[PDB]
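So the sequences go chain by chain: B and A. 300 is the number that the authors' numbering gives the last residue of the first sequence; the numbers go up by one with no jumps. 300 is the number that the authors' numbering gives the last residue of the second sequence; the numbers go up by one with no jumps. Comments concern the structure below.
Number of protein chains: 2
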Amino acid sequence: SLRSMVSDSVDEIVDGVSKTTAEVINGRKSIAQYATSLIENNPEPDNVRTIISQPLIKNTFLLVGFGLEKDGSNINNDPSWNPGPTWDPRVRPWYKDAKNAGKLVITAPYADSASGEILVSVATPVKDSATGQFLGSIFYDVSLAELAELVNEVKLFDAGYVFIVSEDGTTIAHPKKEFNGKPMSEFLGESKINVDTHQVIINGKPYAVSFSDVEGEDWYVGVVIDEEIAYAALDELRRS
Amino acid sequence: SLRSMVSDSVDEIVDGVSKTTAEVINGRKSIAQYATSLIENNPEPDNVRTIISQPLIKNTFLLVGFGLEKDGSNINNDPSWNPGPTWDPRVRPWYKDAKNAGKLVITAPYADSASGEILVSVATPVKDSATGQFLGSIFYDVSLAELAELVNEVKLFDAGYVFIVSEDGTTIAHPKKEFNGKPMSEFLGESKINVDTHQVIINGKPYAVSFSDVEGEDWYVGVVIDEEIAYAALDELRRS
Ligand SMILES: [Mg+2]
Ligand SMILES: [Mg+2]
């Protein structure tokens, strides 16, 4: 039926998007781990700068920086980036999340020190190759705007969008940047994830909403699809 | 209509797959360029090995090797790889293509020196940082079998298959590897690319063929579709 067709298509769209999203995030983590491994091999300042200032790194991340435990100094790849004169990398979420985990992690969303923009960072600790002593942490900042734009390149009957959330409904990435880091209830009017496709009313209008898990993080992708438009589009695909 | 649906589907297969193929290939080129730039920064052999032997590089490409202009020595990332005593990288197509171009290129298909398998390589020149002098070339081998599998992940409901050709009709990747590096006429019976959906007769039977360009290489994604199968499957979808 039309309803079963709409429901099955919505299931398929969000399942597909969760696969693409996992690949995007894994690609970012793989680049970050590669750069980190090269830094661990030789963490001399000149080498660090070479590694993090190449086009691949500049294009993949908003900003990359290596903060040192010994003195709270840092080397980063943006001479203009200014978090203020008292900034200490050692007290930042990316630094402590990497130190505490002892391995690559992605932070929860947080506010950038310089811009106030909500982002997440891939974060990695750096160990002495001989002794295993913790030397500091590296962050690789991920634009949530670019992430939302990327995940929304899928065909969604020309009226609908894809978003990403944590297990607890915190918005990781939404086409409207204002929602990043905010509870998904601000745009959905539901606060708990219901994975299975279901109806959500926004401003008197019905939408189909569905979620799918993202492999490698506790995240989920969600879709919000105009029900009127989807039904009409598929009815045209059926009757005529 | 059913007719419009089938014709639109053929167009959408090649358009969508040419976009995803561009993304994948561009990602792999960007990794090759990054490794190349780090090698140019410090081409000492142990540093080169460190750069090319990390899992990111080993998982992205079949094999990576840097051939030197001075003596035809090489540094590669497979200790199980031995090219024989007289193998000279300076006479190989990846080497000459990179030297001629003076920039990152992807080779036409050629036979691997060790395995004989038809493949392509991402290939880059390496310059001396101080003098600008050509030091040699690096290859990053790409599996055509893997590429064929990748472009065929798209839903085709057993109606056909997807393939890749270059501008001159040379097969880059076909599900049946025997066609790789051979003229596409061996499986299509036509040699000239017509991008617009058109009918071809293969063994007395008509098929729909269409192409879409890949941004970044002189490549096209092609599809062959049995409309007898497509029409039946899309009619089933229409009434589901
Ligand atoms: Mg999933
Ligand atoms: Mg092209």
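Ideal Cβ positions, reconstructed from N, Cα and C, are used throughout, including at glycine.
### Message
I'd like to confirm something about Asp256/B: is its beta-carbon nearer than 7 Å to some heavy atom of ligand 1, or not?
### Response
No.
### Task
Determine the extent of the beta strand (DSSP E) in which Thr184/B is found, giving its start and end residues.
Where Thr184/B is concerned, the enclosing beta strand (DSSP E) stretches over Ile178 to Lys187.
#### Entry: Residue interval of the beta strand (DSSP E) (run including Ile224/B)
It spans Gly220 to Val225 - the beta strand (DSSP E) in which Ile224/B sits, taken as one unbroken run.
### Task
With 8 Å as the threshold, decide whether the Cβ of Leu204/A is near any Cβ in chain B.
It does not: the Cβ of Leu204/A has no partner Cβ on chain B nearer than 8 Å.
### Query
Quick one: what's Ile232/A bridged to in DSSP?
As computed with DSSP, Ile232/A is found in no beta bridge at all.
### Query
For chain A, is any of its Cβ atoms less than 8 Å away from the one on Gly276/B?
It does not: the Cβ of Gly276/B has no partner Cβ on chain A nearer than 8 Å.
### Message
Classify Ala190/B: buried if its beta carbon has 16 or more other beta carbons within 10 angstroms, exposed otherwise.
### Response
With fewer than 16 other CB atoms across the displayed protein chains lying within 10 angstroms of its CB, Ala190/B is exposed.
#### Entry: Those residues, in chain order, that have a beta-carbon closer than 7 Å to some heavy atom of ligand 1
Cβ-based neighbours of ligand 1 within the cut-off: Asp75/B, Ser78/B, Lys79/B, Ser272/B, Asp273/B, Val274/B and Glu275/B.
#### Entry: Where the segment 88-103 of chain B meets chain A: residues whose CB sits under 8 Å from a CB there
Flagged, chain order: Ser90, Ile91, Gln93, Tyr94, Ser97, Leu98 and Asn101.
### Task
Report the rounded CA-to-CA distance for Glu209/B versus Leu128/A, giving the unit in angstroms.
If I take the Cα positions, the gap works out to 43 Å.
### Query
Can the beta-carbon of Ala168/A be found less than 8 Å from the beta-carbon of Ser226/A?
It is a contact, given that the beta carbons lie within the stated cut-off.
### Message
Is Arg298/A close to chain B? Criterion is C-beta to C-beta, closer than 8 Å.
### Response
Output row for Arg298/A: interface = yes.
### Query
Interface residues of chain A around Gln193/B at Cβ under 8 Å?
Counting only Cβ-Cβ distances below 8 Å, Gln193/B has no contacts in chain A at all, with the closest Cβ about 21 Å away.
### Query
If you draw a straight line from the alpha carbon of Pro145/A to that of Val283/B, how long is it in whole angstroms?
Rounded to the nearest angstrom, the two C-alpha atoms are 58 Å apart.
#### Entry: Separation of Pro143/B from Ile261/B, as counted between CA atoms
One C-alpha to the other measures close to 41 Å.
### Task
Say whether the segment 171-182 of chain A touches the segment 104-112 of chain A, bearing in mind that this needs 3 or more beta-carbon pairs closer than 8 Å, one atom from each stretch.
Not touching, per the Cβ criterion.
### Query
Of all Cβ atoms in chain A, is any one closer than 8 Å to the Cβ of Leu122/B?
Judged by the 8 Å Cβ criterion, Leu122/B is not in contact with chain A.
### Message
Taking 8 Å as the cut-off, does the segment 244-253 of chain B touch the segment 64-76 of chain B (at least 3 CB pairs, one atom from each stretch)?
### Response
Under the Cβ criterion (8 Å, minimum of three pairs), the segment 64-76 of chain B does not count as touching the segment 244-253 of chain B.
### Beta-carbon spacing of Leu116/B, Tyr94/A below 8 Å
In this structure, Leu116/B lies near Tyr94/A, with their beta-carbon atoms less than 8 Å apart.
### Query
Which residue or residues does DSSP assign as beta-bridge partners of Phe126/B?
Under DSSP, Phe126/B forms a beta bridge with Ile135/B and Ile198/B.
### Query
Is there at least one Cβ from chain A nearer than 8 Å to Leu116/B's Cβ?
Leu116/B counts as touching chain A.
### Task
Using a Cβ cut-off of 9 Å, pull out every chain A residue sitting near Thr110/B, in sequence order please.
Correct list: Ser97, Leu98, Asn101 and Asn102.
### Task
Kindly indicate the opening and closing residues of the alpha helix (DSSP H) around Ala293/B.
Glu287 to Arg299 is the span of the alpha helix (DSSP H), which, as asked, contains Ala293/B.
### Element boundaries [beta strand (DSSP E), containing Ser270/A]
That run of the beta strand (DSSP E) goes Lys265 to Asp273.
### Task
Return yes when the Cβ of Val74/B is within less than 8 Å of the Cβ of residue 305/B, no when it is not.
There is simply no residue 305/B to check, as chain B begins at 61 and stops at 300 in what is shown.
### Query
Which residue from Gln259/A, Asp256/A, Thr231/A and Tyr155/A puts its Cα closest to that of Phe247/A?
Looking at the Cα atoms, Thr231/A is the closest of the given residues.
### Query
If you measure beta-carbon to beta-carbon, which residues of the segment 238-263 of chain A are closer than 7 Å to chain B?
The segment 238-263 of chain A vs chain B, Cβ under 7 Å: nothing.
### Query
Using a beta-carbon distance below 8 Å, is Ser197/A in contact with chain B?
Chain B, which has no Cβ nearer than 8 Å to the Cβ of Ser197/A, makes this no.
### Query
In whole angstroms, what is the alpha-carbon distance linking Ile91/A and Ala293/A?
Cα to Cα, the separation comes out at about 40 Å.
### Query
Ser61/A CB to nearest chain B CB: under 8 Å?
At least one C-beta of chain B is nearer than 8 Å to the C-beta of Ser61/A.
### Query
Which of helix, strand or coil does DSSP assign to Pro143/A?
DSSP places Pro143/A outside both helix and strand once states are collapsed to three, so it counts as coil.
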